[PDB]
């Protein structure tokens, strides 16, 4: 139904679009208990995270959270340019809701 990341982002509160058009600068992954997350940063310093699964996530999001960590890792290793990120800004670091990669 939404046709791009901007329309999709617009369907949630506390979200904002970050136009990066750049490759991920660093990738951090954690298996530590209560911190099973991934954190990424860009050259400008901007930091984002894929949240630890919790009660704020419905069951359908379970699979998508894992896929997102897979995507980030591979985008990072292949140095793919990420166009935009839709993030929840009520979390720190900002939490990734969706990504767009282009060209």
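Numbering follows the first chain given and starts at 1.
For the pair 60-68 and 43-51, the mean Cα B-factor is higher in 43-51. Relative to its counterpart among 70-78 and 26-34, 26-34 has the higher mean temperature factor, C-alpha atoms as listed in the PDB entry. In the PDB entry, a CA B factor belonging to the highest third of its chain's modelled residues is recorded for residue 18. In this PDB entry, residue 5 carries a Cα temperature factor that places it within the lowest third of its chain's modelled residues.
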